[PDB]
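Q: experimental coordinates follow, after the sequence.
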Amino acid sequence: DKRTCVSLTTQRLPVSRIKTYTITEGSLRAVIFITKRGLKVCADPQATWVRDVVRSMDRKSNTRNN
Amino acid sequence: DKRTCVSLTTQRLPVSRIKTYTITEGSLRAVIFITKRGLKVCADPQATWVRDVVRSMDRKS
Amino acid sequence: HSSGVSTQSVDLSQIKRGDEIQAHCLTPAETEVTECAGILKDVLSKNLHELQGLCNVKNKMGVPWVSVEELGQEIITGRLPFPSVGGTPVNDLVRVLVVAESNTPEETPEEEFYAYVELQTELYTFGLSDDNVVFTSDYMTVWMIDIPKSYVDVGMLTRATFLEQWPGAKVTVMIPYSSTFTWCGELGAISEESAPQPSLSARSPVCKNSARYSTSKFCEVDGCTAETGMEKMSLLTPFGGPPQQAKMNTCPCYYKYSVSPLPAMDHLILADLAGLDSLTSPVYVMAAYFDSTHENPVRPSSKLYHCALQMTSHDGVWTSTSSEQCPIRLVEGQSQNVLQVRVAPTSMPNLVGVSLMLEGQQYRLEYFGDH
Amino acid sequence: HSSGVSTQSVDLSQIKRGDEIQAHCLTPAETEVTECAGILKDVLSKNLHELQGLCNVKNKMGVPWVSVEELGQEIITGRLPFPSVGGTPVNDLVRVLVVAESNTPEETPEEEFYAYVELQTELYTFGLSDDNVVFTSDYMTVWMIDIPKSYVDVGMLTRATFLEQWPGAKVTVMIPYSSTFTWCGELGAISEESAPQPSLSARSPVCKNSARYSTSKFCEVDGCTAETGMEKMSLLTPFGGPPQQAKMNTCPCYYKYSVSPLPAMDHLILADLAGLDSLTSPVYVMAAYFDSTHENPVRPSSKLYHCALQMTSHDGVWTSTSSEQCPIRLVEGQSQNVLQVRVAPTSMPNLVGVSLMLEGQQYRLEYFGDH
C-alpha cells in the first residue's frame, strides 16, 4: 500500500549515513532518505542541506556508475 | 514583646471554641480570637461572621 | 455509591434560563457577581437543583472527613480526576462554578450550613470568598470564579472546610471545557475511618517512550502496519469494570511523532468502545489539541483547544454530535454495539489528548509524556 | 572547569551597542529576527563574544555527549538549573537568546559547524529553527525566541543535536529576568564516557509542610521566637567546601502563612552570605514575588515579578544596588565579610522565593512547595 510522510525531520542527516533516496509527491511532497541501515527519514526537498545531499548523492552515484 | 497580624484567617472559627478575644490596631487592624485550647487567630473585623461571634460572646462579657 | 461516572445530554432549551446561565455563570464575562448571581437567584428559587442538569459528565469520588479539632474543622480534600489537560498560559480563563452542599437535616440544627472551598495550586491558591458567592440557600452555596485554564488540571487540589460533618456534604466544581461541554468534579464526604474511594478514572500516556516513534523502525514489532490497519488495541477497561469495554490504539503515536513514511489512510482509530447494546446514558469523547496554523517561529505559542462529542442511542442505533473545528469524530464500529473515535493521521501531530467518558468509566488518553 | 557559576557587573554603556541588544534581542519586541539580527551582525562581526558581557550570571554544567550512530547525531541534553520561578500563566513572554558554539579548530574540518537546538516542555517543544536565527559564524549560531515566562523553568529540557563531537561545544540560553538582570544557562559538552557534572545549584522548599506555619503553635519548638530574633538558620553551602558559606532562615515561613499574631520586627533575614573578604566577584540576589495590591476575587489573575539586587566589593567594603520596588534588600552582616538579605515581615505573604548567586554557588530559595 501507499505510504506518505506526515512529518519532516528537523535534524540534518549526514550524506555519510544515507544509502539511497526517493521523492514521493503527495499533499506533503518530500525527500525520503534511507539510512545505510534501513531507516527512512523524510526531509524538506526545499531545504538547502537536503538539496546538497540529493546532489552529492547523484554526483556520487554517477561517477560510481560506469 | 509586641505581636502583630500579617495575615487574617480565611476559615471561620466556631464561637463554641473562642475562649477570649481582643481587637488590635496598628499595622493591619484585626480581631484576635484566642481559642479554648490556647492558640490565637487573626480575623477581619469587616468580615460578616466575625461581628456575629463577638456579639454572641459579649452576652457573657 | 460515593463514587462513579455518569453522563446525560444537556439541552439548554429545557433549562430555566440556561441560555443565560451558560453565558453569565459558566463563561468568563462580567468580573462582578451581579449578573450571574441574578440569573441563579431567579432560577434556583424555583428549582433548587437546576444546575445539576448542566453537567454533561459527572465524576464523583468519596473522600473521608478529616478533622482539625483545634479549630473545630471538618475537612474534605481531593484530587479531582480532571478529564483533560487544562490548558496553556497563552490560553484565556475558564469560569468555574463551585458548589458546596449537603442533605437538608430533618430538625433545623442550631448551627447553620457553612463551607469554605479553595482550589489550591502550587504558586497561588484560588479561594472562593464572600466576594465570590453568586447564590446561597439553607444548605448550598454557589461560587463563581475565573481561573487561568492551565491551572485547572492535575496539581490543583480541591479543599472544602466545614465546621460540622453534615450528612451528604459534597463539593462540586462545574468545569466548562467548551461552550457546549461541562464536566463536574465532585467530592462526596465519607466516614473519617474510610479510605478515599476513587472513581474508575485513569490517565494513559499512549506515547510513553516518545523516542520510539521518531521513525518507523518498530512499526512491524509494535504491530502498527498496513496489515493490521494501524491498530494495536489494548484494554482500558479493567477486568471487573462496567460491561462496556474500552480500548485505545497506540499506533497514532507513530503518526504524531514519526518522520518516516507511514501507511496512507483516511482515518486512524484512536479508541473504540463495545457494549453499547446495553448502555443507557450517552457517551462523551473529548479531544485536546493545537491549531498550529498561522504560527510565528519567533513567538510560537499556540492555544490549546477542546471539543467534545456525544454519542447517543436512538432506536438501537448510536449517532454522533459534533463541534466545529473538532479533529475527531465518533462513528459506529463493526456493529451497533461498537463506536470508534476516528481522526485524520495528519491531525496527530497536534493532538494532545482524547478522553472517554461514559457510565462508570473515564479514560484520559494523552499523546505527550510518560506518566 | 566543565561546570560552575560566575558573575559580573553589566555596564551596557561599556558594551558595544548593549542598549540596542537588550531591547530588540533580549526583550519581547519585533516579532521578526530582522531587527536583532541587524544589531548582532554589526556588533558580533567585530567583537565575536560580545554577548558574553550581558550575562550577569552564568551557570554552566558539563554534560556527556550522547551518540546515535544510525543518524550520525551527537546530542547534549540537560535541565538547566533555572534560578527562579519562571512565571504565572498571566505573565507575558520573555525573549531568550539561544547560543550554540564550539572552539575554532586549528585546521579547517570536513563538515561545517551545525546544531539543532530545542527547548522542550511537557506540552510543547520550542524548536529554534532557521526562522529563529539572528546570527551565525563559522563556529557559532544564535537564535532568538519569545516564550511564555512560565514555560521557562524546571521542566524545560534543553536538547542540542550536533553531527560531530565539536571540541568546545556548548549551548547557552540567555534568560532575562528583569531589565537589569540576565541569567545564562550553559550546557558544556564533555566526554561521552564522563558523568554529568552539574553546577553547585540547589533549589530549596524552605516552607516544606506549609500547613505547619498556619498558626504559631510550633514557634517555640521550631526556634522561631523573639528570643531567637526569628532566626532558624541553616547552611545552604554543602560541607566546608566553597570558602563562602550561605545560610537560609526558615522562620520567614511563619510570617508568610501564619494567621496567628507573630512578633513585631521591622525586618527579617531571609538569608546571609559569609566570605565576602575573599570573594573577587559580585553577588546577586533575585526575589520573585506577587503584587500585593488587592485584585478581583472573581478573577484573581495575578502576575509574578522578579527583581535582582547586586552586592559589589568596593575596596573591601560591600554595597548594593537600589531595591526600589524590590521587597528584599542587601545589608552588611556582622563584618564586611558577611552580607544579609533583608525583608519586611509584612511582605512575606506575597514573596515566592529568593535566589542567591555568586562564584561557584547558586541557591534558589522557595517559600511555596513541599519538596
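A: Nice, I can see it. Residues are numbered from 1 along each chain as shown, chains lettered A, B, ... in the order given.
Q: beta partners for residue C:176?
A: As for beta bridges, residue C:176 partners with residue C:182 under DSSP bridges.
Q: who's in contact with it?
A: C:26-27, C:94-96, C:182-183 (C-beta atoms under 8 Å, 6 or more residues apart in numbering or on different chains). The way it works is simple: take the backbone N, C-alpha and C, and place the C-beta from them, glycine included.
Q: now, which of these lie within strands?
A: C:94-96, C:182-183 (DSSP state E).
Q: which of the residues you listed sit farthest apart?
A: Spatial extent of the ones in strands among the contacts of residue C:176 (C-beta to C-beta) is set by the pair C:95 and C:183 at 13.6 Å.
Q: neighbour-wise, which of those two wins?
A: Applying other C-beta atoms under 10 Å in any protein chain shown to residue C:95 and residue C:183 shows that residue C:183 carries more neighbours, namely 26 against 22.
Q: give the contact list for that one.
A: Listed by C-beta under 8 Å, 6+ apart, the contact set of residue C:183 reads C:55-59, C:82-83, C:174-177, C:357.
Q: and the closest residue to chain B within the stretch 201-350 of chain C, what is it in contact with?
A: Closest to chain B within the stretch 201-350 of chain C is residue C:201: 29.3 Å, counting by C-beta to the nearest C-beta. By C-beta under 8 Å, 6+ apart, the contact list for residue C:201 reads C:5, C:59, C:81, C:83, C:361-364.
Q: and those as TSV, adding secondary structure, neighbour count and distance to chain A?
A: Putting the contacts of residue C:201 into TSV (DSSP: H, G, I helix; E, B strand; the rest coil; neighbours: other C-beta atoms under 10 Å in any protein chain shown; distance: C-beta to the nearest C-beta, whole Å) gives the following:
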residue	secondary structure	neighbour count	distance to chain A
C:5	strand	23	34
C:59	strand	25	34
C:81	coil	20	32
C:83	coil	28	27
C:361	strand	24	31
C:362	strand	25	29
C:363	strand	23	25
C:364	strand	23	24
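Q: which parts of chain C sit against chain B?
A: Proximity of chain C to chain B, by C-beta under 8 Å from any C-beta of the partner chain, involves residues C:70-73, C:111, C:114, C:116, C:118, C:127, C:129-130, C:161, C:163.
Q: from residue C:99, how far out is residue C:120?
A: Here residue C:120 is placed at a distance of 18 Å from residue C:99 (C-beta to C-beta, to the nearest Å).
Q: so how many other residues sit close to whichever residue of the stretch 151-300 of chain C sits closest to chain A?
A: Using C-beta to the nearest C-beta, residue C:261 is the residue of the stretch 151-300 of chain C that sits closest to chain A, at 3.7 Å. Burial measure for residue C:261: 20 neighbouring residues, criterion other C-beta under 10 Å.
Q: could you pull up phi and psi at the residue nearest to residue C:213 when sequence neighbours are not counted?
A: Among residues not flanking residue C:213 along the chain, residue C:257 sits closest, at 3.9 Å (C-beta to C-beta, 6 or more residues apart in numbering or on different chains). Main-chain torsions, residue C:257, degrees, to the nearest 10: phi -120, psi -20.
Q: so where does residue C:253 fall, helix or strand?
A: Secondary structure from DSSP states H and E places residue C:253 in helix C:252-257.
Q: list of residues touching the helix or strand just after that helix?
A: Using DSSP H and E, the helix or strand that directly follows helix C:252-257 along the chain is strand C:262-263. Here strand C:262-263 makes contact (C-beta under 8 Å, 6+ apart) with A:1-6, C:216, C:219, C:225-226, C:230, C:254-255, C:345.
Q: hmm, the following helix or strand past strand C:262-263 in reach of chain A?
A: For strand C:262-263, the following helix or strand on the C-terminal side (DSSP H and E) is strand C:268-274. No. Strand C:268-274 stays clear of chain A (C-beta under 8 Å from any C-beta), getting no nearer than 10.5 Å.
Q: what are the ranges of the helices in the chain?
A: In the absence of a named chain, this looks at chain A. For chain A, the helices defined by DSSP state H cover A:48-58.
Q: my question was about chain C, not that one.
A: Counting by DSSP H, chain C has helices at residues C:18-25, C:34-46, C:219-222, C:252-257.
Q: touching chain D at all, the longest one?
A: To tie it back to what came earlier, the one meant is helix C:34-46. No. Figure legend: helix C:34-46 not in contact with chain D (C-beta under 8 Å from any C-beta); closest approach 9.3 Å.
Q: which residues belonging to that helix are considered buried?
A: Neighbour-count burial for helix C:34-46 flags C:35-40, C:43-44 (criterion: 16 or more other C-beta atoms under 10 Å in any protein chain shown).
Q: closest one to chain B out of the residues you listed, please.
A: Nearest to chain B among the buried residues of helix C:34-46, with distances taken as C-beta to the nearest C-beta, is residue C:37, at 16.4 Å.
Q: can you tell me which residues contact the closest residue to residue C:80 other than its chain neighbours?
A: With C-beta to C-beta, 6+ apart as the criterion, residue C:80 has its nearest non-adjacent residue at 3.5 Å, and that residue is residue C:185. Going by C-beta under 8 Å, 6+ apart, residue C:185 touches C:59-60, C:80-82, C:158, C:172-173, C:175.
Q: among the contacts of residue C:176, which pair sits farthest apart?
A: Longest distance between any two of these is 15.1 Å, between C:27 and C:183; criterion C-beta to C-beta.
Q: tell me the residue furthest from the middle of chain C?
A: Centroid-distance maximum for chain C: residue C:110 at 37.7 Å, with C-alpha atoms, centre = their mean.
Q: relative to residue B:33, how far out is it?
A: In terms of C-beta to C-beta, residue C:110 sits 20 Å off from residue B:33.
Q: hang on, the earlier thing: who wins for most neighbours among the contacts of strand C:262-263?
A: Neighbour-wise, the contacts of strand C:262-263 (other C-beta under 10 Å) top out at residue C:254, 28 neighbours.
Q: you'd agree that one is up against residue C:221?
A: No. Taking contacts as C-beta atoms under 8 Å, residue C:254 lies outside contact range of residue C:221: 11.9 Å.
Q: list the contacts of the residue lying closest to residue C:163 once chain neighbours are set aside.
A: Leaving out its chain neighbours, the residue that sits closest to residue C:163 by C-beta to C-beta, 6+ apart is residue B:14, at 5.2 Å. For residue B:14, the contact set (C-beta under 8 Å, 6+ apart) comprises C:71-72, C:111, C:163.
Q: which pair in the residues you listed has the greatest spatial separation?
A: Largest separation among the contacts of residue B:14 by C-beta to C-beta: C:71 and C:111, giving 14.5 Å.
Q: gap between residue A:18 and residue D:74?
A: From residue A:18 across to residue D:74, the span is 17 Å (C-beta to C-beta).
Q: before we move on, the earlier item: okay, residue C:71 and residue C:111: which has more neighbours?
A: Set residue C:71 next to residue C:111 and count neighbours by other C-beta under 10 Å: residue C:71 wins out with 21 against 11.
Q: go ahead and confirm the more buried one touches residue B:13.
A: Yes. Taking C-beta under 8 Å as the definition, residue C:71 is a contact partner of residue B:13 at 6.3 Å.
Q: that'll do, ta.
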